[PDB]
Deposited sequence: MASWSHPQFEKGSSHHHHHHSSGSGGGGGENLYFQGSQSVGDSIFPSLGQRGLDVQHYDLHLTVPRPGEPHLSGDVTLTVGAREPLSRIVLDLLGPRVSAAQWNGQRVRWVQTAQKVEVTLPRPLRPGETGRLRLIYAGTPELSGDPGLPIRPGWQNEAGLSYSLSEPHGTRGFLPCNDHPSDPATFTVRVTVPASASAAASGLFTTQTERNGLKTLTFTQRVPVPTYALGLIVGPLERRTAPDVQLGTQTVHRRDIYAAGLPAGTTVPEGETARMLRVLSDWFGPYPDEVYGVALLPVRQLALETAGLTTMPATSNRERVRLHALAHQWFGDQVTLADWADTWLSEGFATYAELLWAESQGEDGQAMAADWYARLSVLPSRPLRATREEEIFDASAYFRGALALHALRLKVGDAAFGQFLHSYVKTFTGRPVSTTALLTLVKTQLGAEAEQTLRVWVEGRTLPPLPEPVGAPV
């Protein structure tokens, strides 16, 4: 039935491949949760599907169509179930349109994820499973998709979503802005912010033959000194892309909010509360554009593949800026040595964003790197991103790739960090 996630066993639909969300979201009063939505999903299937089953938590569906025709549907508990006129089979696609309105609901986690409302702002901060609050979706990272979003807001407000901004139209005191996310990312990586905000472009960044556009969002009311330092994002894109491969998206920037919250690596536009706005955090979120947004999780138990890689990116950045990488690893280790440890595959919701997922995962990569040397390690990161582009990653699959690409000894080095209940000793040269 569901995707069968080991942590969130009810989310998603087994076999469903949502390929594109075409969302028209209308927010009448930014900062208050009520909203209305009109979305068309382009869906395929990995196995014959007799129904399309989507996650939805709060809003109520009022109408549904399949390929532009009337269709049988029911909203039950936390799902919308659409009965198809005949099975959707692999290689076919159909267009599921849903009209809905109401109040998104917020879901051991670091935050209560979903559609946030505070201080005249409404915005998605939905990792892991909050997007279903404001968007009927297959809400699981194993099924990324592209997004086209039209956001309608009062004329006095503005909006920003993941994807290149094209047009803004206005009538009867309402503005509609269109954003196009052209590379597929998980549902929670869809950035979407409405309220008093301004879009500010910066010069394109050249990464060899690749061009990366630049823009940041500045919400009104930011603390004095809330900035994106000039030249920094270009330097980071160069350092990380030289380690990981081409930047996966068409644009990058941050959306700075005057709120007090964790930063989230929403696609091409990181949602950045000002309280988290630090150089290392900006690097970390940019690293997620590869590790989490492009390379997506098959199962929420494997969050260390996102958080541990993004954390290790901080050490690569530090070294690129002349700092001592081994000292940073020792800092990570000192932090863990007085905390409980766990194998890296999580078994409980409380664990998926705990210290082990970030810092034990990063030290696992440090151990691997020290085993194989920097040339092999960088080649491996390139191969890893390629191997798991279009294919959700797992801890088992990573170990297989290390074994085949780097050999049995390297796999054993990583496995000691992946498995085992006690914290291994600090990896040293």
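May I ask you to mark the stretches of the deposited sequence that the structure leaves without C-alpha coordinates? Gaps vs deposited seq, in order: 1 to 37, 145 to 147, 470 to 474.
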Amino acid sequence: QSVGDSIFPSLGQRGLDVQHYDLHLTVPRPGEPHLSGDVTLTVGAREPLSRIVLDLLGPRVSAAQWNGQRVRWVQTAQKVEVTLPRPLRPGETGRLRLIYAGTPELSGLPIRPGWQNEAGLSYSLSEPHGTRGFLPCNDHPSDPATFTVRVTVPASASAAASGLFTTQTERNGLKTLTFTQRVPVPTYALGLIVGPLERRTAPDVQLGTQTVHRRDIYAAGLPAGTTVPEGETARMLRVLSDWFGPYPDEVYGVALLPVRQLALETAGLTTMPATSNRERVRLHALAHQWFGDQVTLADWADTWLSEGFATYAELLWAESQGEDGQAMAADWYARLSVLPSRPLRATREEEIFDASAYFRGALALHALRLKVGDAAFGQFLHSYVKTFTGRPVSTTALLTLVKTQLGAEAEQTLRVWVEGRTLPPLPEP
From here on, numbers count along this sequence of modelled residues.
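Only the largest set of C-alpha atoms that superpose within 1.5 Å between the two forms is called the rigid core.
Which of these two stretches, 208 to 216 or 183 to 191, has the larger RMS Cα offset in 5 other deposited structures of this protein when the rigid core is kept aligned? Farther on average in 5 other deposited structures of this protein: 208 to 216.
Selected stretch [higher average CA B-factor]: 254 to 262 or 167 to 175: It is 167 to 175.
Between the two ranges 152 to 160 and 351 to 359, the one averaging a larger CA B factor in the entry: So the stretch with the higher mean C-alpha B-factor is 152 to 160.
Residue with highest C-alpha B-factor in the PDB entry, from 296, 83, 146, 103: Answer, based on the entry's C-alpha B-factors: 103.
What's the residue among 292, 308, 191, 91 with the greatest CA temperature factor in the PDB record? When the deposited C-alpha B-factors of 292, 308, 191, 91 are compared, 91 is largest.
Relative C-alpha B-factor of residue 210, binned into the chain's lowest, middle or highest third: For residue 210, whose C-alpha B-factor we compare with every modelled residue in the chain, the answer is the highest third.
Taking the C-alpha B-factors as the PDB entry records them, is residue 67 in the lowest, middle or highest third of its chain? For residue 67, the deposited C-alpha B-factor lands in the highest third.
Going by the recorded CA B-factors, say which third of the chain residue 51 sits in, lowest, middle or highest. Highest third, going by the recorded CA B-factors of the chain.
Would you check the entry's CA temperature factor for residue 395 and let me know if it's in the chain's lowest, middle or highest third? Within its chain, residue 395 is a lowest-third residue by C-alpha B-factor, going by the deposited values.
Would you check the entry's CA temperature factor for residue 410 and let me know if it's in the chain's lowest, middle or highest third? Middle third of the chain for residue 410's C-alpha B-factor.
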